[PDB]
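Protein chains in written order, with the UniProt record's numbering: chain V, 784 to 839; chain R, 589 to 637; chain Z, 2 to 120; chain U, 246 to 441; chain E, 672 to 727; chain G, 687 to 784; chain B, 1120 to 1179, 1187 to 1286; chain F, 20 to 49.
Following: one structure in structure tokens, then a few remarks.
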Amino acid sequence: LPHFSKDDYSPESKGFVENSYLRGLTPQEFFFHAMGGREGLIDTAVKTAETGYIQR
Amino acid sequence: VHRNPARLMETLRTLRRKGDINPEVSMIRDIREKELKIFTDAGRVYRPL
Amino acid sequence: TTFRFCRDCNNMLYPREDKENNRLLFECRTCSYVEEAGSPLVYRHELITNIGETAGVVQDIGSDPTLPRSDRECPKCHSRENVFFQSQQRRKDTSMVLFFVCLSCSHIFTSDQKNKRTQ
Amino acid sequence: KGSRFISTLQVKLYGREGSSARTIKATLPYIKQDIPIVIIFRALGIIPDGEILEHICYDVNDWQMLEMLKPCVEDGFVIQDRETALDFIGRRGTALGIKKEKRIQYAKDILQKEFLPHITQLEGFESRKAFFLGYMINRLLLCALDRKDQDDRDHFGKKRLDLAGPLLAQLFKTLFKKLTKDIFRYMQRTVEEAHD
Amino acid sequence: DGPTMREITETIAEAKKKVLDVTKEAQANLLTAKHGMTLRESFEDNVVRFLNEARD
Amino acid sequence: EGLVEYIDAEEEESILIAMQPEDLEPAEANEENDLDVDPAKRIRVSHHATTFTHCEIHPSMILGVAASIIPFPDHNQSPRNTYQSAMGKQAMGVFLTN
Amino acid sequence: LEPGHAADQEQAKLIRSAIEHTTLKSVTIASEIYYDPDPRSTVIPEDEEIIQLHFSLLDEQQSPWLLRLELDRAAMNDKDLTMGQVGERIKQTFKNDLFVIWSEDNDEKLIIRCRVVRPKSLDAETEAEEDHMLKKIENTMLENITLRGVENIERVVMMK
Amino acid sequence: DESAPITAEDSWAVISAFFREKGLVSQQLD
DNA sequence: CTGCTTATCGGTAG
DNA sequence: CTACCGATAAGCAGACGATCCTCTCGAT
RNA sequence: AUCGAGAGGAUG
Ligand SMILES: [Zn+2]
Ligand SMILES: [Zn+2]
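Structure (structure tokens):
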């Protein structure tokens, strides 16, 4: 994200959330977290169609 | 082509930051490629800031 | 490598052996023009490549904001001013080495502590 | 400001890593086959090799760049002149001999209209379209050598949004134009009569 | 627990700072590649674990 | 007056946006491990680059019209945030005065 | 492993580097062509003693166009190979129609040198070009040469 | 003192200013 | 993302 | 030294793409 | 009544 220098390979840069749900997420953290969850929906959305094509 | 976008850029951005050149128009200086695209297409998403 | 072009018609050159006297002669399939040879190197492939690594470096880079800035020292001028980055040779197997460009001298240097470098 | 003439162009590169000859061709709208870049340049109006390479590669040092272009050059020694550079561009049917000059006057304005309609679509521009077609090539290669990555497609700023305005346009244009030749079709039936 | 809390973050402290060290190895090319995998890869792996393993 | 510049996605490429106006360029203490801070406050990555061009308005502003309905969205596992977003739009209320 | 061995890891290595596919392409720094005419006195000065060895006449040409192959000191350590084994497999492929040389592992620059040989005597017609068939051999060389192991087999791992 | 920079709160006034102007469907209007 | 479609490599009779 | 009549590659595109429910809206 | 389009609900 543009709030980062280029070629930064450490945790904070590439999607590791230090803080716990209780302490709360930080601006970058949240987006990243968002970035993955988004994958969660993707599958249960149209990867089910295959799973159900199999059964049939 | 242009030669020496040291000032060309900074008198492109100074003009936009006065309202002269439309604040909606985007201006991309690329040091590492030696480029300068300029955009005025209808359908560009921007924000602040 | 380097190959060359002809004057007069300006096309590409295609090497030929000098039967009689044992040497090399470039020429174009346009007119007749023939120069002699430079270095005996005709073709080079390379599969592993050390250039493409440092690409883009200007006299305008020491202003680019989207690039880190660290506590190194110039082998030559000693100013702690610099920017750096990993090989812009975006191949799959490349090393993860840093490339420091001095501001106060525009001298270019590396992190690598083994391995020789000739820029 | 010119409707929606989506006329698409593609610069290809034949043979995968380690093939024999890596020949470079292109998709040209309204023609049947892919056509070697060198002939395309010639058909424009840059005739000599080694000036050809001056619209493409931009640093007469980086050689691997230059070396990659060899086989393209060696593809177009079969065509060397302004004139017949457009001859190859002729095969899209059979002129049957009837159109020998006129297939040029077909190939001539195909590189006025369909080939890169932006940059301009006017008559007297060729060195505008070459340097660019020479810029499509510097990118194509400047990837194959693996010096910069493949182009991302989910990048947001390189997509657009058809909001309500241009929507209406893409519609109104169409409808107005349809009304436009409704009048034409009513006129051919006037005089004929008067009328009024 | 307060003193427990300190300890958790103080165990994402050293389990992040172990990464800044392997990064600062690979960047000065000492990181030797595991037979079979790319350099960048052995690194990519080295870290992923170091972070998971910190979390657990 | 030159305080704000409408920034596009592409142009987003060449910039270095700060996150918090105040705590992204004051001075050094340094605060990373030094006595003392609030144990209960969260752990902010920090500012470590200092060559900025821009600065972010307020983070919260990455969110959308239904998303800003959530309270503490940054304490929920994402899908929860997204999940609600779909319901705020079948929830019942004052849909217009007229 | 063979039941006749169990936890001898030195055994497992033997198997690994007799299974793992290794193309010549995977150990080549830079494949280059040269015009070298005088086979006894090479124009390049990096090879001043190769080229000074080669003890022929024991026993007991020619070829105009060279072909060089620099090899990495690096991946010689990983996949286990003495320069010779390389050389012989190269020759084994073409047979008696290409000369072949190489430096020793001890040296600083590891290199190969080859020259096309040698169709004369009972002929037919069209005697020209040759430079095109030279490249198609440096091309066959990289992408059709095996060195050790079976094909279809990439990285091989020592899992316990 | 008019010299000193923005801080925490002050950021928000800038936001309100924005919506005061463009409202909310600005794009769809514009 | 299979089974059927359509063009080259070449080991033997002619 | 040639067609010969065979097999194999280099691919022709291919019919497919979860379940059951609730609303609203425009056209034959 | 019919065909075609969209929004949502459960597996999420
Ligand atoms: Zn010439
Ligand atoms: Zn210096």
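Backbone N, C-alpha and C define an ideal beta-carbon position, used for all residues, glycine too.
Identity of the residues DSSP links to residue i by a beta bridge
i       : result
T1272/B : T1142/B
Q255/U  : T272/U
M13/Z   : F6/Z
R1194/B : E1151/B and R1239/B
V44/F   : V44/F pairs with nothing; no bridge assigned.
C103/Z  : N83/Z
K344/U  : The partner list for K344/U (beta bridge, DSSP) is empty, contrary to what the question assumes.
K625/R  : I616/R
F1225/B : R1241/B
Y44/Z   : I1152/B
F110/Z  : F101/Z
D294/U  : None; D294/U has no bridge partner.
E712/E  : DSSP output for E712/E lists no bridge partner at all.
Whole-angstrom C-beta distance between residue j and residue i, which should lie under 8 Å
i             : j       : result
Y44/Z         : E1151/B : 6 Å
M13/Z         : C32/Z   : Actually they do not touch by this definition, with Cβ atoms about 13 Å apart.
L68/Z         : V84/Z   : 5 Å
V98/Z         : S80/Z   : Not really, about 22 Å apart at Cβ, beyond 8 Å.
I49/Z         : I1148/B : 5 Å
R249/U        : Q366/U  : Going by Cβ atoms, the distance from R249/U to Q366/U rounds to 14 Å, so no, they are not a contact pair.
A817/V        : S764/G  : 5 Å
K606/R        : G688/G  : 6 Å
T602/R        : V613/R  : The Cβ separation is near 14 Å, so there is no contact.
residue 442/U : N383/U  : Because chain U here runs from 246 to 441, residue 442/U falls outside it and cannot be looked at.
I729/G        : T680/E  : 7 Å
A704/G        : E714/G  : 16 Å between Cβ atoms; not a contact.
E37/Z         : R24/Z   : 7 Å
Given residue i as reference, the closest of the options once Cα atoms are compared
i       : options                               : result
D1206/B : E1139/B, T1161/B, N1265/B and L1268/B : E1139/B
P1245/B : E1253/B, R1239/B and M1284/B          : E1253/B
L1143/B : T1219/B, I1170/B and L1120/B          : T1219/B
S1145/B : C1240/B, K1217/B and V1212/B          : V1212/B
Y1154/B : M1285/B, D1257/B and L1273/B          : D1257/B
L385/U  : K277/U, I343/U and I282/U             : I282/U
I251/U  : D396/U, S265/U, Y275/U and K257/U     : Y275/U
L1197/B : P1164/B, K1221/B and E1234/B          : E1234/B
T272/U  : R434/U, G263/U and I355/U             : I355/U
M1284/B : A1137/B, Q1128/B and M1209/B          : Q1128/B
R1274/B : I1134/B, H1124/B, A1125/B and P1122/B : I1134/B
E1168/B : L1177/B, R1194/B, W1228/B and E1269/B : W1228/B
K277/U  : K403/U, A352/U, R373/U and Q309/U     : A352/U
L254/U  : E359/U, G402/U, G410/U and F322/U     : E359/U
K625/R  : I616/R, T599/R, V589/R and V633/R     : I616/R
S45/F   : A409/U, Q433/U and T435/U             : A409/U
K77/Z   : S105/Z, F6/Z, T119/Z and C7/Z         : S105/Z
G260/U  : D326/U, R373/U, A389/U and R348/U     : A389/U
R1194/B : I1279/B, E1269/B, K1286/B and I1263/B : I1263/B
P362/U  : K347/U, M313/U and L378/U             : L378/U
Quiz prompt | Contacting positions in the segment 693-725 of chain E - beta carbon closer than 8 Å to chain G | solution = Correct list: empty, as no residue qualifies.
Practice problem: Compile a chain-ordered list of the residues in the segment 259-281 of chain U whose CB is closer than 7 Å to at least one CB of chain B. | Solution: For the segment 259-281 of chain U, the beta-carbon criterion of a distance under 7 Å to any beta-carbon of chain B is satisfied by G263 and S265.
Exercise. Give, in chain order, every residue of the segment 387-404 of chain U whose Cβ lies closer than 8 Å to some Cβ of chain Z.
Key: Near chain Z, meaning a CB-to-CB distance below 8 Å, the residues of the segment 387-404 of chain U are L390, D391, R392, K393 and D394.
Quiz prompt | Interfacial residues, the UniProt zinc finger region "TFIIS-type" (71-111) of chain Z to chain V, with Cβ spacing under 7 Å | solution = From the UniProt zinc finger region "TFIIS-type" (71-111) of chain Z, only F86 and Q87 have a Cβ closer than 7 Å to chain V.
Practice problem: Could you name the residues of the segment 1249-1268 of chain B whose beta carbon sits closer than 9 Å to any beta carbon of chain U, in the order they occur along the chain? | Solution: Within the segment 1249-1268 of chain B, the residues whose Cβ lies closer than 9 Å to any Cβ of chain U are, in chain order, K1261, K1262, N1265 and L1268.
Practice problem: Give the residues from the segment 51-68 of chain Z that approach chain U closer than 8 Å (Cβ to any Cβ), ordered along the chain. | Solution: Within the segment 51-68 of chain Z, the residues whose Cβ lies closer than 8 Å to some Cβ of chain U are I52, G53 and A56, listed in chain order.
Practice problem: Please list the residues of the UniProt zinc finger region "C4-type" (7-32) of chain Z that have a C-beta atom closer than 7 Å to any C-beta atom in chain B, keeping them in chain order. | Solution: Cβ contacts with chain B: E18, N23 and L25.
Self-check item: Contact list for the segment 755-782 of chain G against chain E, Cβ threshold 8 Å
Solution: Correct list: empty, as no residue qualifies.
Exercise. Report the residues of the segment 694-708 of chain G with a CB closer than 9 Å to any CB of chain U, ordered along the chain.
Key: Under the 9 Å Cβ criterion, the segment 694-708 of chain G contributes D694, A695, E696, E697, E698 and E699.
Quiz item: Got a sec: which bits of the segment 680-692 of chain E sit with their beta carbon under 7 Å from any beta carbon on chain V, in order along the chain?
Solution: The residues in question are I683, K687, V690 and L691.
Exercise. Quick one: which residues of the segment 1135-1159 of chain B get their C-beta closer than 7 Å to a C-beta of chain Z? List them in chain order.
Key: Those would be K1144, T1147, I1148, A1149, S1150, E1151, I1152, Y1153, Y1154, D1155 and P1156, in chain order.
Practice problem: Can you give me, in chain order, the residues of the segment 810-823 of chain V that have a beta carbon less than 9 Å from any beta carbon in chain E? | Solution: Within the segment 810-823 of chain V, no residue qualifies.
Quiz item: What residues in the segment 405-416 of chain U have a beta carbon less than 8 Å from any beta carbon of chain R?
Solution: Cβ proximity to chain R below 8 Å picks out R405, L406, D407, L408, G410 and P411 from the segment 405-416 of chain U.
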